[PDB]
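Just one chain follows, in the form deposited in one PDB entry, and it is written as structure tokens.
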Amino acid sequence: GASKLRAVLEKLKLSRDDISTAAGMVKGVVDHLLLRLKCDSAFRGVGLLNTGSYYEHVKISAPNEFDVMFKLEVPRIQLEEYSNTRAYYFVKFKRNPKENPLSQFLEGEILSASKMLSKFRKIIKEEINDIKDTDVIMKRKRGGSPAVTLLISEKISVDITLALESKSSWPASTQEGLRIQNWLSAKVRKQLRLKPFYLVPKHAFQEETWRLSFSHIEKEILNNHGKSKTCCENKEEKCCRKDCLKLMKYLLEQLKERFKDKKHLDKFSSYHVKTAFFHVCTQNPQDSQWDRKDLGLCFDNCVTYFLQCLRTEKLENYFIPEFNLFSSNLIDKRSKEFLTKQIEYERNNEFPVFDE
């Protein structure tokens, strides 16, 4: 029963001190990079974005892998959507009132992600080989985001993403997103959409496009997650929302590990499970629908909705509802069918993947 789930959560806590030590290694190298980056013309306004739920600027994505986002204030943003994709954009600047720090990165009117990315890499790689006395090595993956993957003395991998910050109103494609009004309130949705949004270098084939990112809002709604403002602040108001997301992420990690002989699940990520989880929070807005005592039922709610998304081949980005993370363009039909069969078996047999 749910004792099996509570036992899984207890076992995960046993790794708590290890990944808090590794993150202490990440925080030291990232801070070292930020000081170098700020000395550069284009990057003087570079900073650490708040994306982690346990360490302020260091996000845990999976065992021993960390995500970090470097934000750069960029005024006078002008967005042009790339070919109805809803999430990808060309970046232009509001017509010249003197020249911007990023002038070096233009191609005609468009801000070149590859130009900007190349200088980001160079400055960081300088601080990998200028201080070759430290155990860090740098891999470069395909997509522009993550831009740089540092390996710290091996076993500790950290992805570093550059993110443009825009303080402008969110783009039209987000107008019907962030459907939190019945859960976190209209007042909160208004406040959240007054915050900046972010753009990361990413291509859709390849162009000089940027993709929207809302990692800071995601962190804020996960940490301040109750209909009650005092959810999880006292013994009378303990919900299981965070634990359900933890278990869903762990479920997917464990299945991918077991299906490593063929790797049919490599296109699925913790972002898919987190997005599905936010939809289930919208579906079940009351804290009484997440009572600690109901961990088993609540996890079943989360899994059942994830299964529905797989079977219908539809998982809307929580901020951009017309952006389908499960479209056949992104994940082929056979992979979604394959994951459906495995999750369906696990749900129908009380999750034996969690057995000891």
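Superpose the two forms; the largest set of C-alphas matching within 1.5 Å is the rigid core. Residue numbers here begin at 1 and follow the sequence given.
Quiz item: Is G52 a gap in at least one third of the other compared entries?
Solution: Yes, a third or more of the compared structures omit it.
Quiz item: Taking the other compared PDB entries with both flanking residues modelled, is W170 unmodelled in at least a third?
Solution: Result for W170: never missing in the compared entries.
Quiz item: Which class describes the count of deposited residues lacking coordinates between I131 and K132: none, 1 to 3, 4 to 9, or 10 or more?
Solution: Unmodelled stretch: none, continuous chain.
Quiz item: Which is higher in the entry, the mean Cα B factor of 244-252 or that of 108-116?
Solution: Taking the mean B-factor of the alpha carbons in each, 108-116 is higher.
Quiz item: Mean C-alpha B-factor higher for 205-213, or for 169-177?
Solution: The stretch with the larger average C-alpha B-factor is 205-213.
Exercise. Report the option among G296, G47, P321, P63 whose CA atom has the maximum B-factor in the deposited record.
Key: In the PDB entry, the greatest C-alpha B-factor among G296, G47, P321, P63 is found at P63.
Quiz item: Highest CA temperature factor in the entry: which of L339, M25, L14, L9?
Solution: Checking the PDB record, the top C-alpha B-factor among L339, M25, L14, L9 is at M25.
Exercise. Could you say whether, by C-alpha temperature factor, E257 belongs to the lowest, middle or highest third of its chain?
Key: According to the entry, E257 has a C-alpha B-factor in the chain's middle third.
Exercise. Can you work out whether the C-alpha temperature factor of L315 puts it in the lowest, middle or highest third of the chain?
Key: Lowest third of the chain for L315's C-alpha B-factor.
Quiz item: What third of the chain, by the recorded C-alpha B-factor, contains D67?
Solution: Its C-alpha B-factor, which the entry lists for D67, ranks in the middle third among residues of this chain.
Quiz prompt | Ranked against its chain, the third holding the CA B-factor of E127 | solution = Highest third, going by the recorded CA B-factors of the chain.
Quiz item: Thinking about Cα B factors across the chain, which third does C302 belong to?
Solution: Its C-alpha B-factor belongs to the lowest third of this chain's values.
What follows is about the form deposited in another entry, which we do not show.
Quiz item: So which residue among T275, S215, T174, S145 shifts its CA at least 2 Å between this form and the one not shown once the core is superposed?
Solution: The one that shifts is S145.
Quiz item: Just checking, between this form and the one not shown and with the core aligned, does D17 shift 2 Å or more at the CA?
Solution: Superposed on the core, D17 moves its C-alpha 2 Å or more between this form and the one not shown.
Exercise. Please say whether, between this form and the one not shown, the C-alpha of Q308 moves by 2 Å or more once the core is aligned.
Key: No, the C-alpha moves less than 2 Å.
Quiz prompt | Rigid core fit then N96 CA moved by 2 Å or more between this form and the one not shown | solution = It does shift by 2 Å or more.
Exercise. Mind checking the CA-CA distance of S169 and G143 in the other form? It differs by 3 Å or more from this form, so is it closer or farther?
Key: Relative to the displayed form, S169 and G143 move farther apart in the other form - a change of at least 3 Å between their C-alphas.
Quiz item: Do the C-alpha atoms of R16 and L252 sit closer or farther apart in the other form than they do here, given a shift of 3 Å or more?
Solution: Between the C-alphas of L252 and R16, the gap widens in the other form (3 Å or more compared with this form).
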